[PDB]
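Descriptive structure summary
The chain contents come next:
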Number of protein chains: 2
Amino acid sequence: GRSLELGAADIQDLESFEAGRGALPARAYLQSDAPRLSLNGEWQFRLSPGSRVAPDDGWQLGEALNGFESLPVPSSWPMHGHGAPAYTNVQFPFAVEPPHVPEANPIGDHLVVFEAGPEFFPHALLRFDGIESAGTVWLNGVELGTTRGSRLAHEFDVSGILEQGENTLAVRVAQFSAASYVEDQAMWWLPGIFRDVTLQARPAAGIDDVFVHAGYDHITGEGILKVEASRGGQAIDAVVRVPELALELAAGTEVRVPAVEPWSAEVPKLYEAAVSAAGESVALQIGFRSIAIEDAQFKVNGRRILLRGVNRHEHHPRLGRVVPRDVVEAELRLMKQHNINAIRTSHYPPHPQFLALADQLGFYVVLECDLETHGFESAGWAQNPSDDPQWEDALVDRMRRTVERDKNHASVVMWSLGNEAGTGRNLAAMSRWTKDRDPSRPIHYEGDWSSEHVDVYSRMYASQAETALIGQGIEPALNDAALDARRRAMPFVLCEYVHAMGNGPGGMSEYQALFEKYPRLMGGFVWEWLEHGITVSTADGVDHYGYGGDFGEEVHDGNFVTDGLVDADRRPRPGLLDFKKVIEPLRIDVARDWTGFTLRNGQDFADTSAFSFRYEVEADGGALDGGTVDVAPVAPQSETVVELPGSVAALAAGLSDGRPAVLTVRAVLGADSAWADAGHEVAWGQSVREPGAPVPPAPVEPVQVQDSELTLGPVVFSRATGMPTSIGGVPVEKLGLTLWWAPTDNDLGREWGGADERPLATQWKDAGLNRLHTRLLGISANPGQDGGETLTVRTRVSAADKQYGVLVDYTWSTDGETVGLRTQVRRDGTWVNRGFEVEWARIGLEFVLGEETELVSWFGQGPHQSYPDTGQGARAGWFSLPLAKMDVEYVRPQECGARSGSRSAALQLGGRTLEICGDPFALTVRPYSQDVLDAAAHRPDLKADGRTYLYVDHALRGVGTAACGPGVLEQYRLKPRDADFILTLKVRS
Amino acid sequence: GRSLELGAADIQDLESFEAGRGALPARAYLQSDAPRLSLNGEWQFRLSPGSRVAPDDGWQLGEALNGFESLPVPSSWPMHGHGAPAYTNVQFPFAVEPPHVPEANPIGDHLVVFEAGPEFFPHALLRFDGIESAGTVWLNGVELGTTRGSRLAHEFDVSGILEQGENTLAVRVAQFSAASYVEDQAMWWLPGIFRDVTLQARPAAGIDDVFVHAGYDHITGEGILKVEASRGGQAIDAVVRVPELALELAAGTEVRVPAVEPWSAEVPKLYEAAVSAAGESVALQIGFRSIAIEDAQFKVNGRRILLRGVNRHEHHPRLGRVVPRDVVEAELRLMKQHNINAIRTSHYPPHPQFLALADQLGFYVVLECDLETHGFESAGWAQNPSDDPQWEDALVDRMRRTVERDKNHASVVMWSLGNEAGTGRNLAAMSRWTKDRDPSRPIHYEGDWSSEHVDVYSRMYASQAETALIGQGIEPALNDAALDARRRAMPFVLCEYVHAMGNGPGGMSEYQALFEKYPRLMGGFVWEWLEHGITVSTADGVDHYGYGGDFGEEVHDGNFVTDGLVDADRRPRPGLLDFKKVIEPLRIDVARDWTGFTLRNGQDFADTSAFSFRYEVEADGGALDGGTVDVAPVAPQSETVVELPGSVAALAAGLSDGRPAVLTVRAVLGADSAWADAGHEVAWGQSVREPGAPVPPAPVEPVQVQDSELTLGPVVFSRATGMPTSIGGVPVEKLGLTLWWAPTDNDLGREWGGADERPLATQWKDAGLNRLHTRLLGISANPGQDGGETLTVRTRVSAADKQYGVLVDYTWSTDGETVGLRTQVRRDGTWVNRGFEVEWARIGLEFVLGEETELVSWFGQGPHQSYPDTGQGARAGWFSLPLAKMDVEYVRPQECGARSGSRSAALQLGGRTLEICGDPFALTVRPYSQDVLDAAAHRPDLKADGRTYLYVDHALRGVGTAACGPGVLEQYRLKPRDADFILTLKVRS
Ligand SMILES: OC[C@H]1O[C@@H](O)[C@H](O)[C@@H](O)[C@H]1O
Ligand SMILES: OC[C@H]1O[C@@H](O)[C@H](O)[C@@H](O)[C@H]1O
Ligand SMILES: OC[C@H]1O[C@@H](O)[C@H](O)[C@@H](O)[C@H]1O
Ligand SMILES: OC[C@H]1O[C@@H](O)[C@H](O)[C@@H](O)[C@H]1O
């Protein structure tokens, strides 16, 4: 049996169950004075479709290069025209038959030439901080070894192989390997050398690894310091210095520092330090803090903390898995600016530079190992690597490298074994290894609800209801009494919650109230921080984001990648603006009589000395009063009542009733910080004096009659239809009832529970809410006042093939100045379809106007959108925006931009202005129709058609988080019902 | 309360529950010598969007016409650019709130000027044979009345209103009315005056109505004749004459004719007749036949008959509901040419000219009333007009007019109350009325399974299994013993079965065998005769059919309209070719030794004297023998063994074994008939001498080896992939396994039963059968014979995210002339997905070739396609066709064109020819890919890409009728399994 296949040897290596070979022991990423040369820059690159046709020519030596072109390094090579991105959620892009790999497997050959000076001898190494997913490395033709673990560091000794002067480094990178089976994160598949490549010397009498142990005794205030140092795995002599604390001690010994200032996300105190031996010195930043679990609470420095967190993937719209440092610093400052205090590195270790920034700015970090086997769930977890003993060594290695690299950073308060990888013996081995190596950080893993091998109980997307049961410690018991006992003593954290995809997330406040009420609840991490949008440039310079499927992939999960609080360029979504308010660290309850406000300090450690408390009274015209009030600092977890100047209460008392006015109290930064300038807003509260009920016009104008038209003051009606065609000279091309909106991403998902497995969008489509039809029943003019008349138009709205409907009556009235419009809705028949009760998106009206709108003004909530279960961040005030800025640039267009709680509005159409008033309504204005919005898959598919689509809603439905997790909560649902609402219009030129 | 709405009076009339007003009594359509003038021609026409804007100007008088243009009459006015067609299946296109109508309701004003000569006085009438759906008629400004019942005749007296000379006739037609609620047939909605408009004089002493009663005593052979005649509802004096029978008798008296030749679809004997009084004479055609039910059988003239039927809608691709007479005669001849003997006028009376043609050519007709309320089912039948007493008069009227018009035609053997209209008191009133008026024809209605008010038990799409239970009279009992007793004594008919949508129908033979075995089974009517395709002409002159949705309708049911045995232009689909064979009236079983054949006469009345029995022996070269054999006529329902000339058996006996040869016996017409010429084929049978097993080549050629290629005789392989790239100079761009085909219309429907409600196409999509991926495992050359070698390529086929797969091994061998190819398939893992066992469409191979193919030849079954549960009409022989004629022009492209039972094949590519041989396989050749075929929604979306896609299948799955009714029967399913098949190839230039 002759064997004639090509590349069988390269494939066997890619199919290996083992960790990479030929590498130095795993250690910490350390700032050293040892000489170093970054090989980052312009490399040469060649791509083959698979191993069997990957040329075995002499390319590794660098001479006679055939078929190479320039490429930057680090890089995600699909970001530069070589192949294309492919995004899948749970599903693998290849056949599930481990350890085998497909035949279509991009192979990337990388090569660079560099100069090695004398200072890199006799000893040196090469360091690779990230290769996705399988790398083989040669130096001057000699093989160093292989890399496994795509976001993990590898180091190769080049002593006696690195030559003085010019050297040639070659790296072969395969996209898919056996390791892909354990790297099934929901994100873009992006092969490449995507992190630093560095040459580092290792002088004699140096330092290879360091392990900081900096604890805090919260009773005495002492610091407990012990800095370990080793060479070749052996503890060595070395001296530690921290100038600020008047300390010089030996490595390996534990000392009590009489008084330290503890480290926390709120106060990230960092003492500079150096560990030095004869040949090498290491620069450290040390944060004193101790982590402990007691009374079923997660405590730092003796206090239960509340995690205000997000899940952070690493992604950049033009460079993929390469995130420039300027972008890292930016987004982390942006996080702090929105009151975030915690980060989960979903689902792999980040760039090693991330850790120091986290220590400095202040975040509680859950550092997570690179491991996820989600794609094995659909087959009942059969062949899951997490329980296959042949994978033990490879998975322990992943955890080892994860722990060693970042074990010195005070910001890491939990080690996480991975994400959605089931349960198995290998996961238990990873946990046992970590607990032995570093018992100073509790262990996290959500995949095993029994929680046998962890220290905190973690779940994702648990309902508000179950969260409250857990907060009270009365969730259902595990069958094993011993394991149930353990878990009931564990604090609870939501590693992912309030899925922030598209319009939403809804129901954040409900979670937060539980967090504040129940100590056992640690808090939660929003999924997720950013949208993984990829910029696509088109003809005429139009720029938009692409998502799953837009790059010609055979298997994908669509727009699930754009599920973030900010877009790929870090521009806030409305959800982040709401999130900031929900998690605000201070609560300000302004008194109704404007005499003062209650101030609760929600922080865990800091008092209120960093904040300046300011007040301002705003009214119709401008601002009437304002200033700053001094507050004796308030301790954490306590409250006080702050008096306001009597002048404020006097304004309120002498306010002619019916005049609108808003008192706003804010807590801003008194001075610059590392993450924001002075005056940055942190918390706020308001008290509103509402405008009185709008005076309904006197019906003293009669109805003129003609053959095909009616007129009632500034309004013109069509006799045939009964609907306005003009108001004050403004063409009304249509007016009608609305019960539907263009489905959100959440409306496109299932609400599990109940016998109805259809998404809300499908329920609506089956019911006909998107294609309503109106029948005219009657037109009638009725006696008004002193000659005038009202005009009642009676209609019935329904849909083809349906028997249910609603009766809508429009009653118009006018005095010549302002048009009054009453609308009555009455449901007719039983609103059931395919055996389930139909629900409504809204109860409102759609005005279609023939003119374009330039500007929208309103008194209500703003500046940004607000729906019944969102809008926490929208405050009471006066707002005005150009039309285009009323919209929201979601990647898949969908319902958005409604302004709930509006009392008045004003649209500028050319030279005229249309004013709407009435009891609280929601306001939306768009230059396109609802059907155009529902059809559009990307922003370019939206086109203005010269009209103005105006929406005035009396009732609205919530948005929820049904795309992943709970749907709209009961209190925000909208069942069919009768309704009645009044409204006044006016046009002025 | 002033009332200001427009058109409220016209709308109230459209909402009327009552029949049309002001019309003459319902009567028969009669050929009379009274003067007549057809007003058909070029009319003037105007369209308004609704009643409220329909002008009330002076248009009815004909002077100062504003906005009218020319339009033909009769017409379906959406067929001429006024609006557009809209097709819905079950669902109404308007809100379901009877009797109300929508505001978007096209109003069509029609007008013509004509001359009335002296012979139209003093009495005359105007006759309208069809107006959809509500007409108001004026003559010279004077209102005559209104029409209700869209396919029913109305007559209006114009005495004292018709003026001598020039007259002006005006008709206002509304598309939607209260009557639309009872005209919910599955078809295009097409308003208009779509049938004849005729002026007819009514001289004094004339004849208004006639009622023929022509029975047959099958014991004596006597005819029982009684011709009734009436004027103004009163029986009158009149004399009846039938020359051929030597008869002159008075109307109203019953006589025994000593000897008549009975009428039947097989022998449609018609005696000419005339009923005459002083002023008028009527021409009649009389067929003597008596209908009776006894021993739970449906009998004509004392014999149980077998219905070979189709459901006939009226439709024309360019004129809509207007079917020219030349097209009627054509399609009915086409029906007879395919052995059909029965017609159901689904679901309304046809054009009155249809009846005479049915009497002449010979069909058993189920004449069905215009009534269907299907759209009320989705709401639990609430508000169903069939049980609403306010609709009684309007529904009795529909049945009255239905019965009166056609009561004289022997071809009508059943009256049908309507279709899918539920159960209700009005349906019972329609039945009571019919039984009293005409007790000579049993009553049919499927909507009430209890069968309380009918004479035959009717069902639609009952499984073969339930049909067999009913054939034995052991179906489950009704709860009411008295009704169960009645129904068990009733014969059973399938008014709709073997849904003929797209590829199919499958499972026809199984039904037919039950029809022949069980007397209680009357037979069945295929759904349906024609596709309702509408021709759409595009730039460059390309012509294709449109279906539901292609005309911009808001609500539609897609391609369900193209569900016919022939296309809109009456070109046969493969299903009709199979249907003809299944229902063939004679069975011919040719003996294996070629000594003779068994002949069963399946007819009910006629013997075999009309047929000439002919034989022919065909072989490789040409024909070897042939002739005609004389058969003593065989009586109905008996059989005989016909000897063939000894010369035929001698050829078979002296045939060198392994040589293929086919003996075919045919029954053709001995002489011309009214529906076909002499030599037309009616029945056939065959005996085949198969070719011997193909000799596998001697493996005496070795494997040449190169860096990137292997070669084994005329074959070139790629070392990387292991797959052919050449055979004899022909580029092979790809070769691989197939388990999937582009879903048929049947595959897009649900198979109710079992916990899996997904259509087969969705099951396949979820499982990944459409996106298979192959991994190379090994390549190996093995010792052959006298130096030669075999080449085994080992592969594993699967799909992304799936663990199941198949192992496919290709073993090649050659002697230099012919390539031998063995293929072994072994399933690997459990083929389950989303909790249900995956099924396969096929087990085969796809050859993709770089050259185009001009011609395809094969020995097997043809000329037309054949799948496991179809192809009855495909016979054994030798066939050759240009590539384009191997395809099938279904309106929605889908899997089709496979040739099952193939033993050899030959493709001509330019100058060369590729030959395939082996054990029985299925052959398909296309100029495009399977994905292009699945994506295409219409024919133009198919584009040849310069390649040749060749499919060789070892196993195939059935097609069934799951689009509506049973899916693939158990024995034709294809579960995943191991398989093995051999095959030889050869290229000759
Ligand atoms: O103590 C106040 C601060 O608390 C931090 O945890 C948060 O990240 C900051 O944005 C700020 O709110
Ligand atoms: O092994 C994976 C499973 O683990 C269980 O603890 C959990 O309840 C399941 O939902 C699933 O995640
Ligand atoms: O008796 C033979 C004939 O029977 C008729 O019913 C049929 O319509 C004809 O096509 C032919 O088959
Ligand atoms: O009233 C309509 C119903 O009539 C019943 O006899 C039948 O079983 C049902 O399927 C439905 O057709």
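Numbering of residues starts from 1 on every chain and follows the order in which that chain's sequence is written, so it may differ from the entry's own numbering; residues lacking coordinates are left out. Chains carry letters from A onward and ligands carry numbers from 1 onward, assigned in written order. The side-chain quantities take in all heavy atoms of the structure and omit both hydrogens and water.

1. Examining the overall build of chain A
Helix and strand definitions follow DSSP, with helices as H or I runs of at least four residues and strands as E runs of at least two, each counted in order from the N terminus. For chain A, the helix and strand inventory stands at 12 helices and 62 strands. Radius of gyration (C-alpha) of chain A: 32 Å, near the 30 Å computed for a compact globule of 989 residues. Projected onto its principal axes, the C-alpha coordinates of chain A cover approximately 105 × 75 × 60 Å. Three labels apply to residues, based on accessible area from a 1.4 Å probe with only protein chains included: buried if under 20% of the type maximum, exposed if over 50%, partly exposed otherwise in between. Sorting the 989 residues of chain A into buried and exposed places 60% on the buried side. C-alpha atoms define the radius of gyration, and 2.2 Å times the number of residues to the power 0.38 defines the globule rule.

2. Some remarks on the site of ligand 4
All names here are of chain B. Residues are labelled near a given molecule or strand when at least one of their non-hydrogen atoms is within 4 Å of it. Around ligand 4, the surrounding shell consists of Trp 381, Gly 422, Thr 423, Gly 447 and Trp 449. A 3.5 Å cut-off defines polar contacts: any pair of N or O atoms within that distance qualifies, except that in protein one atom must be a possible hydrogen donor and the other a possible acceptor, and neighbouring residues in sequence count only when both atoms are side-chain atoms. Between an oxygen atom of ligand 4 and a main-chain N or O atom of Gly 447, the distance comes to 3.4 Å. At 3.3 Å from an oxygen atom of ligand 4 is found a main-chain nitrogen or oxygen belonging to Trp 449. For every accessible area listed, the method is Shrake-Rupley and the probe measures 1.4 Å; residues are considered covered only by the protein chains on display. Bound to the protein, ligand 4 loses 59% of the 320 Å² it would expose on its own.

3. Some remarks on the domain arrangement of chain A
Residue and element names in this part refer to chain A. Residue ranges for the domains trace back to a domain assignment, done automatically or taken from a database. Split into domains, chain A comes out as domain 1 (8-201), domain 2 (293-580) and domain 3 (704-988). Each partner contributes to the interface: domain 2 provides 28 residues, whereas domain 3 provides 33 residues. Summing the contributions of domain 2 and of domain 3, the shared interface buries around 2400 Å²; its carbon and sulfur component is 57%. Each salt bridge in this description consists of a side-chain nitrogen of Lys or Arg and a carboxyl oxygen of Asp or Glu lying within 4 Å of one another. One can count zero salt bridges joining domain 2 with domain 3. Contacts are assigned to residue pairs with any non-hydrogen atoms lying within 4.5 Å of each other. Defined here as a combined quantity, buried area equals the accessible surface (1.4 Å probe) lost by two parts on assembly, summed across both.

4. Re the relation of the copies chain B and chain A
A least-squares superposition on the C-alpha atoms brings the copies onto one another. Overlaying chain B on chain A yields an RMSD of 0.0 Å, the required transformation being a rotation through 180 degrees with an accompanying axial translation of 0.0 Å. Classification of the inter-copy transformation places it as that of a two-fold axis. The rotation axis passes nearest to the C-alpha of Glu757(B) in chain B, at a distance of 6.6 Å. When the interface residues of chain B are mapped onto chain A, 100% of them again lie at the interface, so the same face is used by both copies.

5. Here we look at the interface of chain B and chain A
The interface of chain B with chain A comprises 51 residues on the first partner and 51 residues on the second. The interface formed by chain B and chain A includes six salt bridges. A salt bridge links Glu97(B) to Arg796(A); its shortest N-O distance comes to 3.1 Å. Linking chain B to chain A there are 30 residue pairs in polar contact. Elements supplying a minimum of two residues to the side of chain B that touches chain A: β1 (2-3), β50 (773-783) and β51 (789-798) of chain B. The leading source of residues in the side of chain B that touches chain A is β50(B), at nine residues. Only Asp, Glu, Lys and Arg are considered charged in this grouping, and only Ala, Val, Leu, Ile, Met, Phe, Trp, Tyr, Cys and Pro are considered nonpolar; every other residue, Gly among them, is considered polar. Tallied by class, residues from the side of chain B that touches chain A come to 22 nonpolar, 14 polar and 15 charged. Relative to β1(B), strand β50 (residues 773-783) of chain A runs antiparallel, the two being bridged by two bridges. Its bridge partner lying in β1(B), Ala781(A) is registered against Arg2(B). Note on pairing: two strands pair once DSSP finds at least 2 bridges between them.

6. What about helix α4 (residues 392-406) of chain A?
All names here are of chain A. For α4, which comprises 15 residues, the first-to-last C-alpha distance of 22 Å matches the rise-based estimate of 21 Å (1.5 Å per residue) to within 8%. Judged by how many residues are buried, α4 sits mostly within the fold: 12 of 15 residues are covered. Looking at α4, one finds that the buried residues are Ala 394, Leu 395, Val 396, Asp 397, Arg 398, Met 399, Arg 401, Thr 402, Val 403, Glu 404, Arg 405 and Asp 406. The length a helix should cover is 1.5 Å for every residue beyond the first.

7. Observations concerning the nonpolar core
Counting 88 residues, the largest nonpolar core has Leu332(A), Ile340(A), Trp529(A), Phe579(A), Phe597(A) and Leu599(A) as the members making the most contacts within it. If sequence neighbours within four positions are ignored, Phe579(A) has contacts with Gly309(A), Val310(A), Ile340(A), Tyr497(A), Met508(A), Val526(A) and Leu565(A). Side-chain atoms within 4.5 Å are what join buried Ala, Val, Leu, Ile, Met, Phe, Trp, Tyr and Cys residues into a set we call a nonpolar core. Formed by 87 residues, the second largest nonpolar core is a distinct cluster that contains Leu361(B), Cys369(B), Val566(B) and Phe579(B).

8. Here's the deal with the site of ligand 3
Residues and elements named next belong to chain B. All residues in the neighbourhood of ligand 3 are listed as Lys 336, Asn 339, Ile 340, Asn 341, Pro 585, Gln 603 and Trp 675. In the model, an oxygen atom of ligand 3 is placed 2.4 Å from a nitrogen or oxygen of the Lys 336 main chain. Measuring from an oxygen atom of ligand 3, one finds a side-chain N or O atom of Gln 603 at 2.4 Å. Within the complex, the protein chains bury 93% of what would otherwise be the 310 Å² of accessible surface of ligand 3.

9. Remarks on the sheet that holds strand β42 (residues 639-643) of chain A
Residue and element names in this part refer to chain A. Pairing is antiparallel across the open sheet formed by three strands, whose spatial order is β38-β39-β42. The open sheet has two edge strands with one neighbour each: β38 (586-590) and β42. Recorded for the sheet is a direction-independent mean angle of 20 degrees between the axes of neighbouring strands. Bridging between β38 and strand β39 (residues 596-601) involves five bridges; their strand directions are antiparallel. The residue of β39 that forms the bridge with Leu 586 is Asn 601. Here an angle of 0 to 180 degrees is reported between the N-to-C directions of two axes, which are lines fitted to C-alpha atoms, with helices fitted over the stretch in contact.

10. Structural notes on the sheet that holds strand β11 (residues 142-148) of chain A
All names here are of chain A. Strand order in the open sheet formed by six strands is β5-β4-β7-β13-β10-β11, and the pairing between neighbours is antiparallel. The sheet is open, and its two edges are formed by β5 (69-73) and β11, each paired on a single side. On average, each strand axis in the sheet is tilted by 30 degrees relative to the strand beside it, whichever way the strands run. Taken together, the five bridges between strand β4 (residues 41-48) and β5 define a ladder with antiparallel strand orientation. The residue bridging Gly 41 from the neighbouring strand is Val 73, located in β5.

11. What to know about the pattern of salt bridges
Oppositely charged side chains are able to pair whenever their charged atoms sit close together. For the coordinates displayed, the defined rule picks out 148 salt bridges over all chains. Two residues, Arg241(A) and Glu248(A), come together in a salt bridge whose shortest N-O distance is 3.0 Å. By relative accessible area, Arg241(A) is classed as partly exposed at 38%. What makes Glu248(A) exposed here is its relative accessible area of 55%. The shortest N-O distance in the salt bridge between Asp953(B) and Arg842(B) comes to 2.8 Å. Note that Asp953(B) is positioned in strand β61 (residues 948-956) and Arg842(B) in strand β56 (residues 842-849), a separation of 111 residues in sequence. Sharing partners across several salt bridges, the network here consists of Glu132(A), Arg151(A), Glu183(A), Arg321(A), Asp370(A) and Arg398(A).

12. Description of the packing of aromatic side chains
In this scheme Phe, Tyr and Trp rings, the latter by its six-membered ring, pair at centre separations within 6.5 Å, and the angle between planes marks the pair as stacked below 30 degrees, edge-to-face above 60, and tilted otherwise. If you walk through the whole model with that rule in mind, you get 54 aromatic pairs over all chains. Each ring, one from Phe717(B) and one from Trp812(B), has its centre 5.3 Å from the other, and the planes form 80 degrees; the classification is edge-to-face. Of this pair, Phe717(B) sits in strand β47 (residues 715-718) while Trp812(B) is found in strand β52 (residues 805-814), placing the two residues 95 residues apart along the sequence. Comparing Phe717(B) with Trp812(B) shows no difference in burial state: the two are buried. Following the ring pairs from residue to residue traces out a cluster consisting of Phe92(A), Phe94(A), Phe176(A), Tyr181(A), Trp189(A) and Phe376(A). The rule for a charge over a ring is simple: NZ of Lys or CZ of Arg within 6 Å of the ring centre, and within 35 degrees of the ring normal. Between the NZ or CZ atom of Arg151(B) and the centre of the ring of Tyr348(B), over which it lies, the distance is 5.2 Å. Taking NZ or CZ as reference, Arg321(B) lies 6.0 Å from the ring centre of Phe194(B), over its face.

13. Digging into the side chain of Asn167(B)
Residue and element names in this part refer to chain B. Looking at the secondary structure, you find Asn 167 in strand β13 (residues 165-174). For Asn 167, a relative accessible area of 0% translates into the label buried. There is a polar contact of 2.4 Å between the side chain of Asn 167 and the backbone oxygen of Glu 163. For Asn 167, the residues in contact, after removing those within four places along its chain, are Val 112, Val 113, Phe 114, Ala 116, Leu 139, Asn 140, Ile 161 and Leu 162.

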